[PDB]
Amino acid sequence: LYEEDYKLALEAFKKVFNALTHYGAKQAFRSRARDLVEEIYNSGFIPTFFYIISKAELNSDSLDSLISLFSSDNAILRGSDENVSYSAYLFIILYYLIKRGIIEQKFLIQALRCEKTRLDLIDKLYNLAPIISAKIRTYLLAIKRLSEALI
Amino acid sequence: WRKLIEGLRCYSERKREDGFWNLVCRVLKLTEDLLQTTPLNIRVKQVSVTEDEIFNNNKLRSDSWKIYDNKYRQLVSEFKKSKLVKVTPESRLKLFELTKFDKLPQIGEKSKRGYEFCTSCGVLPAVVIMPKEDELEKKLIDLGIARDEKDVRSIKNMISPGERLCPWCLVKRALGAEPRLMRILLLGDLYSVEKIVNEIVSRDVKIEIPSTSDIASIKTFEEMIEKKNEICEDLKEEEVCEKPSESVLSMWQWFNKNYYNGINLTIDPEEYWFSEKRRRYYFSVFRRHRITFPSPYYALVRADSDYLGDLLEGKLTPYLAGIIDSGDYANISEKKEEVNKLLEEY
Amino acid sequence: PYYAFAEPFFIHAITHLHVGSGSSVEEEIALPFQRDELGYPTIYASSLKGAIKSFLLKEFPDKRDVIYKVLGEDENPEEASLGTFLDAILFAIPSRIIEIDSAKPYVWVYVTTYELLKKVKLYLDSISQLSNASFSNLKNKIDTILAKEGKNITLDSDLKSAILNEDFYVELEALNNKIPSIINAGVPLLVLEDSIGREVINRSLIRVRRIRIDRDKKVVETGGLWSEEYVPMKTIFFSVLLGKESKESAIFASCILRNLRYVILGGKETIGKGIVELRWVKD
Amino acid sequence: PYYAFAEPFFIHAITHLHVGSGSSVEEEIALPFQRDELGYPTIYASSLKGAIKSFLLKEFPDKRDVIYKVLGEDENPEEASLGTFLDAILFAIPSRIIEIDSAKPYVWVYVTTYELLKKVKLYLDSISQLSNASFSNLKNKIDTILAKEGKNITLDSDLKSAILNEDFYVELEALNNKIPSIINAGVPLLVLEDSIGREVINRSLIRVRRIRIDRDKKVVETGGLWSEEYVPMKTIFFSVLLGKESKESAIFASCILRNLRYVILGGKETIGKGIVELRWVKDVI
Amino acid sequence: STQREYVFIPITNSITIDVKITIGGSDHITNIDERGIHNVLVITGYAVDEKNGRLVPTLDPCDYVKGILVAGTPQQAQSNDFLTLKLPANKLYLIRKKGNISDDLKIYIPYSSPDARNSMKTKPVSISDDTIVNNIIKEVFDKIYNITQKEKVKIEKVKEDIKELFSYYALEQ
Amino acid sequence: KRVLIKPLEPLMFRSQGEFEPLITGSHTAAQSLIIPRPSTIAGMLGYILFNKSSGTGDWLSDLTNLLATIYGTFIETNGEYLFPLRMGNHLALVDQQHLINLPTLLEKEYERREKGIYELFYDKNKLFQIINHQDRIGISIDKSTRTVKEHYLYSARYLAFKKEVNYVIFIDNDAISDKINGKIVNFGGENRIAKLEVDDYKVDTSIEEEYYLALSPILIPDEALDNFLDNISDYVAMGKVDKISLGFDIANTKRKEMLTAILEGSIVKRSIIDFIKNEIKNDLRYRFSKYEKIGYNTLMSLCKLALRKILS
Ligand SMILES: Nc1ncnc2c1ncn2[C@@H]1O[C@H](COP(=O)(O)OP(=O)(O)NP(=O)(O)O)[C@@H](O)[C@H]1O
Ligand SMILES: [Mn+2]
Ligand SMILES: [Zn+2]
């Protein structure tokens, strides 16, 4: 069932290893990798998601310094402490969510463009949290093992 | 084939004692008209060539140089075509009346289902039937297998209890007893069928061919001979660590290079540490000496060359194995590229 | 005559089971289960008959002659046994369910594929209108289910959606409106598409590593590590016992088979891996 | 009687215990606990047997032949063991509680679900037939509890409302206020519905981050960090010990099994995990 | 009684039209019913011309042409070159026999005489490249057979057997 | 007319002789025949039709006293028909169509022909898509140790069908058909089970092509043996010639007669047919009449479903 997720990680990730440079918030990503996973199933998906969006800088910088990844190239994501190194992770999860038709782009792109629809974007993620948590599990453990090996 | 089987009959008649040789004599005389057939058929194909094909009436020719590569290929073609039908050497025998009408010689036990099948062959009926290991002498003697108590030990030495044998596989056992009868065939045309039997019955030599038990137990033997007496004093009694009595040698190089090293390599592991009455005593003995108890497994390693037939035919499937299929030669016009490349390189 | 009557029965696992097969597969397990042609867990008829015969010889030592007659004789085995077991085929395996819907709480569920039900119907059709014992309702249920092959069907439920074995989302749909349950354990059955059903099933099996510890220095001995595969507790198999007409076959069916709930199948019994409850399809 | 003796017993955790899982399953925890078919924690009787046998071979150094007979020779076996261990079912786990309207509150309570009780009833019914041991007390008490299946109940105490493990509000019904303790402890037993019970029990488990530290520079060594799952103190498992008629089994069932009270299970014992107490059901009912 | 027609099936989409109107005749013998392309037939000794789409024979049972037997008259503007013969239906060598034998058979066969000019390198080829094969559905299997996609939600298995049940040795030149 | 034998589980048609723990220090093994020999089907059907007052000698006497001319077995999966095909050591299942060009294929010149037959047995073969050997290792357990007995271990390569498989025979008499309908039988060795369903059919018989497919082992009368094994090219184009045993008779508990035979799937050249009739004595003709009643000399041709006996 899950055998293209390992293929999806390459062109979803696209860079959370190299252009995450300076080795602080670069190596720190592995803490995301392990902890969040144990966080995502011991504590739930929505608690971890609220935590991740908390660390998001959702102005337009951490709203477009990521939606630029949909289109162009590797995005050196220096910015500041893990808020741009954290909005790439929000991007990771939402990239899985769009490339697997759990939530479509036309909503996502529209949900992150008014701040009126961020709320019901999250309110809809809340209803999809069981299914989402079940489905991303292997797709996440993929990048967790990527981190163990490479990052 | 018949020279070998008759030389075997005479060598066995030279030994009417020893039980096993006597049983071999006793059943050979009952199975000659069945043992007439060779147990191994051969296929023979020839190909002709004449001066019409080689010479312009005084010299060589042009395309005469290729005449071999053509006749060889004709020969191999007929070989391939005849290999489309496999006949088995057992189909040659006449057994319908011998099985339908009980005619088979059943020296040994008697089947309660017509005839038995050979345990060594699988397809041919059994001639020599051995009782199961529950009480042999009290049966081996009232039956026709053995004559005394001394001869059972020599029959039981080659034919394990329960081993049914067809005439062919029984002849195989006979040859395995002393494999020096092979000079009836190995030389041929050179000495008589009786010169050799005299030579063999004169200089008696016994050979130890290793069983799978001997191969499985190689490292066990090897680890007992680096504790020559340090393990022997423990047993000192069961002939494992006792004298080499005769001068038995063998073709197994490891057996041959490790015989005069304290431990008797001609014991049967199925008797000592693969047995069901022993091997707990032997587990203790090996535990008390840092001896890794043997595994019951061996490696059967087979290997065949790749496309050596095509190679003798000068094909390129040896050179490009998988790229150029053999079927690709039927119309090689397709794969011009790889053949062009490698042939030109060469 | 010549397999007149038959007894189909369910093999309900009371503990885990391990009917072994050597190392007979290409998986990473070193002591796999006995496998069907479809890679599903099966119980060979040899094993089932041997275990049941051994158990019955122990717990009916006076009926030894009846049991010998029905199931065979150690020596003088020139008397064909007038009873036979078919291979036990996996009928349903428990699966962990994270359900999203139905307002009804469930934490585990029974799971099947359509291949399994196909073989069960094969066993079942080959008895009823041929033999005389009549339990056509079970066959009608299995046919009604097999009608819907090619889509995850829930049975006797209102689920409509679930996570199965923590790893697979599936969308379910009731059969028609309602149907008698094929099992009597009050737990939903799900029949799954033969492709996701087998992923769910091969994730429902228990594959453990095991260890031999150095008895003195409390560490693992070198190479003292292997894997084994147990069919989970509550798993259900299905088999049939076919009886040839005879007198002591009636004794078998009357005195013996009516006092067989629990037997021990498979191996690794010191681990406790063999207890089984036999439910005859006769209630 | 297929079995000569049937010894059901409880396994009261004294410290936190950690029986590790053998599995190629990639989980979140680096070293999870052993799981049954419902995801609940369990002890594979492989582990019970290995540990109890390694303990008995030392506590009773003279009776090593009785033990080798009932639990099998070690290095050169010639025979099947005569004793069988059943896998340890979770039976009750402790969970922190906050109550609303009590007289004298509690701060922790025993949590069981109906599925665990059903597995226990399966064990009891299966063993009542393979033996002469009819456990009327356990069986009838567990049947009375299972009658109320599908409704969270407090067995004895009168709680009517609680917050288990700081997260899960639960309403509760008295069973009848007219039923003794399954085990004569001082804490109430909460039989939960299964869906909420799964979450409560997962909260009662103990995940623990651990590290390795460079002795030189008192900083975490690279790679030295992992998580590790424990089962709390006071956790109660359930299992049965079963043996066949041997005259080494009558001894085992009368000399060896009356001097087993404390054993070390699982691993991580250098850090105190594993000490556990056996409570033979024939005594504690 | 009716008359049938053995239309060829090459790599080519020269099989979009053989008959004037959709179905026409009363009954058909070749069937597409839930588990196979039943009663297909394979003519031997011939070959297909993928371009210039007709038959281009090459006489040996090694060579063969696989075609379906439909009830229609050939385009009303030819059969100067199309064989029209009649056999007792048991010399009709049908693959995957399922249905009813008619015993009074009449066939039209798309074919052109060999007209030998080229060295006829006659090479076989699969029925694959799904982009080629999928658009064929409702113009070779629903232009004469409206019966499918009427009751059939079983198209991809009678596609599985399409992937193999046609085979030939084309012209290529 | 047609009788479909539907196995309910893997089957075992033992190919060799002894299968029992005779020698102590050795395991025993067995391998199943892909197609059950016609003696198996015959003895099964007879078992279904047994009488207690006939024969007792030369089993085929009172066996044929109950049967019709049974016509050899092939494989039907789902209405599809597969047919054996045999080479030197090889055995492949193929369907009706792939047999057409086979006469001309074996007379194609060297490389074309070898490529053809080699693709017929490694690309066109549908055996390993429908039938695979399921190795079943079994043991016996001594009730004193509850362990294995000494080396009482055996392998048995069973016959596992990946999809629905029937075995197809044709039977002449219809009173036999409606007395063996829906019978659960002990079809094969080591106690496996199969079901019998009967459906009346229609296939023609009288055909004489150049070649033939042997849907059953062609028995050679042991007086034509040397007259057959000198000129093998005259009668079989490809296949296998083997010593076989006719099976094992149940009423008398004996092993049946060993005869040379041409295994099924071998292609025989029409020269075979009269070659048998002209080289057999009436007293052996009477025996081989029954040998054909049970189904041993059955020929299909590569063009149509051409059922044909040899003597009859
Ligand atoms: N031209 C030849 N001369 C002598 N021996 C041959 C010749 N061709 C084949 N053999 C031997 O006869 C047997 C033929 O088996 P085969 O496997 O077809 O040979 P091959 O060329 O090795 N094909 P393969 O092994 O599959 O690559 C083998 O034992 C070959 O070593
Ligand atoms: Mn080679
Ligand atoms: Zn032999």
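Scope of the values below: all heavy atoms of this structure, side chains included, with no hydrogens, waters or symmetry mates. Indexing begins at 1, ligand by ligand and atom by atom, following the structure's order. By convention in this document, chain letters (A, B, ...) are assigned in the order of the sequence lines, proteins followed by strands, and residues within each chain are numbered from 1.
- Of the residues listed (B:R16, B:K15, B:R9), the one engaging B:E13 in a side chain to side chain donor-acceptor pair (under 3.5 Å) is B:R16, and it is the only one.
- The distance criterion of under 3.5 Å between nitrogen or oxygen atoms is met by B:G309 with respect to ligand 1.
- Closest to atom 3 (N) of ligand 1, if we only count protein heavy atoms, is B:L312 CD1, 3.3 Å.
- For B:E135, the CD atom sits in a packed shell: over 12 heavy atoms of surrounding residues, nucleotides or ligands are nearer than 6.0 Å.
- Each of the following atoms of ligand 1 lies closer than 4.0 Å to a heavy atom of B:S305: 22 (O), 25 (O), 27 (O).
- Close N/O approach between B:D306 and ligand 1 is not found [any backbone or side-chain N/O within under 3.5 Å].
- Here F:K108 does not pair with F:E111 in a salt bridge; the nearest charged N to carboxylate O distance is not below 4.0 Å.
- For ligand 1, none of its N or O atoms has an N or O atom of B:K83 under 3.5 Å away.
- Remark: B:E97 does not engage B:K100 in a salt bridge, criterion side-chain N to carboxylate O under 4.0 Å.
- In this structure, atom 21 (O) of ligand 1 has protein heavy atoms in its sub-4.0 angstrom surroundings.
- The six-membered or imidazole ring of F:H133 lies away from that of F:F128, with a centre-to-centre distance of 6.0 Å or more.
- Residue-level proximity to ligand 1 for B:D304 is carried by the side chain, the only part with a heavy atom below 4.0 angstrom.
- Protein heavy atoms are found less than 4.0 angstrom from atom 1 (N) of ligand 1.
- For atom 27 (O) of ligand 1, a protein non-hydrogen atom is found at a distance below 4.0 Å.
- Distance check: B:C118 SG to B:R164 CZ gives 10.5 Å after rounding to the nearest 0.5 Å.
- Using a 4.0 Å cut-off between a side-chain N of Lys or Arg and a carboxylate O of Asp or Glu, B:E133 and B:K156 qualify as a salt bridge.
- Ring pair B:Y68/B:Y72 is parallel by interplanar angle, where below 30° counts as parallel and above 60° as perpendicular.
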Item to complete: Verify side-chain hydrogen bond (donor to acceptor under 3.5 Å, both in side chains) between F:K256 and F:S245, making sure each step is shown before the conclusion.
Response: CA-CA 6 Å; F:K256 305 171 164 167; F:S245 179; over 6 Å; no
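- Protein heavy atoms come within 4.0 Å of atom 8 (N) of ligand 1.
- Rounded to the nearest 0.5 angstrom, F:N132 CG and F:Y158 OH are separated by 14.5 Å.
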Discussion item. If you apply the rule side-chain hydrogen bond (donor to acceptor under 3.5 Å, both in side chains), what do you find for B:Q36 with B:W1, and how did you get there?
Written reply: CA-CA 9 Å; B:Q36 292 275 38; B:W1 162 251; over 6 Å; no
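- Annotation: protein N, O or S atoms under 2.8 Å of the Mn ion (ligand 2) (waters excluded) comprise B:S305 O.
- Aromatic pair F:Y154/F:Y152: centroids not less than 6.0 angstrom apart.
- Closer than 2.8 Å to the Zn ion (ligand 3) sit the protein N, O or S atoms B:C118 SG, B:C166 SG, B:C169 SG.
- The closest protein non-hydrogen atom to atom 5 (N) of ligand 1 is B:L308 CD2, 4.8 Å.
- Ring orientation note: the planes of F:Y235 and F:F228 are close to parallel, at an angle under 30° on the 30°/60° scale.
- Electrostatic pairing of F:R86 and F:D242 does not count as a salt bridge here, judged by no charged N lying under 4.0 Å from a carboxylate O.
- We find that F:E18 and F:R255 are joined by a salt bridge, their nearest charged nitrogen and carboxylate oxygen being less than 4.0 Å apart.
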